[PDB]
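Shown below, as structure tokens, is a lone chain in the form deposited in one PDB entry; questions about how it binds or moves come after it.
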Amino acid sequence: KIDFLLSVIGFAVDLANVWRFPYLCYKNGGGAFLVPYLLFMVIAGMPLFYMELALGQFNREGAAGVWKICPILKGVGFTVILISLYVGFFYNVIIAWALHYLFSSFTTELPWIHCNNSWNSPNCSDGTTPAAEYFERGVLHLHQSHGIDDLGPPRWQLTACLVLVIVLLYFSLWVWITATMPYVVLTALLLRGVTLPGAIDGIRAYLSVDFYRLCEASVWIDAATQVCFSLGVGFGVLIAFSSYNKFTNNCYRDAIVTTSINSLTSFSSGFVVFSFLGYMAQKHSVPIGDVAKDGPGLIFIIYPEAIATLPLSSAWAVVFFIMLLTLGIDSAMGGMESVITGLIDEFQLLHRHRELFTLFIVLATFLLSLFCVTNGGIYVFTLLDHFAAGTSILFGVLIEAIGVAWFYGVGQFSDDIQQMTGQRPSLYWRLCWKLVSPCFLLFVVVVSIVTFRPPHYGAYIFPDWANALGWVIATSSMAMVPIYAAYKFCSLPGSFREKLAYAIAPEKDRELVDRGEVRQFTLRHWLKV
């Protein structure tokens, strides 16, 4: 019972709930994003979470080793690894910024409190708030770069924190208070945020839906990607975590409670951020949509001010940034370990050379995250955030679902769940796995690909070659399935019929496929809801 609660809190609070969710909610209005989030969750997020947990807990193999039930669809095990690598590339600069802020927070007089220092412009209206000018001119030094075509050399101040983060990661890869401290910090912030004057107009703008923006596509794509980010599906960390789970563990109870608590925490985080946004908009005499830029650094401009308005701000800042640092370290470590374990288990060459491989991969991710700590590192961060997950994560999840359901059998999957746990899935889960979820994922993928929506940062407009590069990096991960499928199809001996038979039949039918027995060579298998 106690062990169950601690595991539940593990998937409840994460870096995607605290950092990404308020940013995405501010981008799309506040309620016009709340509605699609719940709609997509209760239909396509929980069924896939329960699905992935059950598949991992039954196969007891690695991220790419669970595809012995459909050999042809095995490149989706490398697509998720590439997606995890791309995400972990920019998951490090968040920790670097948190470390920089924590090191700069050890002073009785915080620097993000007035515009009188060297890095200030005569446009401050303590115009631009002091916190935003501090973040954009004394931490990033973004005003010295024209754009993504002129990045300059990396800053040594942020490199001296990236090195520490990398070393800590490697030496942790080569806790009761950890999981519960964010709850206390968030509650203590929420009390002050609600009690603050002028926050009711920041809560009303949060609990209100505009039908005009519901007829767009960007909101739906953002909600679809955010569900995957928050729940954790599509990265392969769920299968890796469930590989060493108890074989008799109940799954529906583990899938309902985690989703419920994750939704509650996301709602609370958005509530706090929008209440403080309303208070700041009231104080600075600006509209709510004007007081900040909808960029990836919203919580580094909003939360320092909230800490400042709070009595004895130094201790509160230290505690908040320690909490954020631990959250980010755990989030990066999870994906890093997932990639390491998957690549180690897939290939037999790297059996004993584990330390060398881990050191080289850590060195590679450091050398490739070095790009985001230059002058114009926010532009590269925005490109990576827009294109790393994008449509590729939805494509991978959709392919995985189509594979395990249609190619294998929802009846066979339910039979395996019956053998594993006590009960059998009802009709709702079977229908969601069979038709409802893919019919939404395919639509989301098509809509995301068709629409233009070029990336931007405030008034800046990205050029054409940046979009071409982003599409290249997205397709690089997306196109690992067809190449492996072609290689496996050409590798199998026999004729075309035999090649397809051994490519699509489960590997547990080894002694039966030879004896003229192919279950997939019919129509009754496919017409089984």
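The first residue of the sequence shown is number 1, and the count goes up from there. Take the two forms, superpose them, and find the largest set of C-alpha atoms that agree within 1.5 Å; that set is the rigid core.
Trainee: Aligning on the core, I want to see which stretch wanders more in 4 other deposited structures of this protein. Is it 437 to 445 or 142 to 150 by C-alpha RMS?
Mentor: Of 437 to 445 and 142 to 150, the stretch deviating more in 4 other deposited structures of this protein is 142 to 150.
Trainee: Is 82 to 90 or 151 to 159 the stretch whose C-alphas end up farther from this model in 4 other deposited structures of this protein after a rigid core fit?
Mentor: Clearly, after the core fit, the stretch farther away in 4 other deposited structures of this protein is 151 to 159.
Trainee: Per the entry, how many residues of the deposited chain go unmodelled between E216 and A217: none, 1 to 3, 4 to 9, or 10 or more?
Mentor: In the deposited sequence, nothing is left without coordinates between these two.
Trainee: Should the segment between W174 and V175 be described as having none, 1 to 3, 4 to 9, or 10 or more unmodelled residues of the deposited sequence?
Mentor: Some 4 to 9 residues are missing between them.
Below, we turn to the form solved in complex with a small molecule, even though it does not appear here.
Trainee: What is the one choice in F413, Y457, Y279, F229 with a heavy atom within 4.5 Å of the small molecule in the entry with it bound?
Mentor: None of the other options qualify; the answer is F229.
Trainee: Would you mind picking the one in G335, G409, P130, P71 that has a heavy atom within 4.5 Å of the small molecule in the entry with it bound?
Mentor: If I apply the 4.5 Å criterion carefully, the residue I get is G335.
Trainee: With the partner left out here, check for me: in the entry with it bound, does some heavy atom of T225 sit within 4.5 Å of the small molecule?
Mentor: Contact check for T225: no, nothing within 4.5 Å of the small molecule in the entry with it bound.
Trainee: May I ask you to check whether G88 falls inside a 4.5 Å heavy atom distance of the small molecule in the entry with it bound?
Mentor: Contact check for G88: yes, within 4.5 Å of the small molecule in the entry with it bound.
Trainee: Looking in the entry with it bound, any heavy atom of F235 within 4.5 Å of the small molecule?
Mentor: Looking in the entry with it bound, residue contacts with the small molecule include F235, since a heavy atom lies within 4.5 Å.
Trainee: So in the entry with it bound, does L24 come within 4.5 Å of the small molecule, heavy atom to heavy atom?
Mentor: Flag for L24 set to no.
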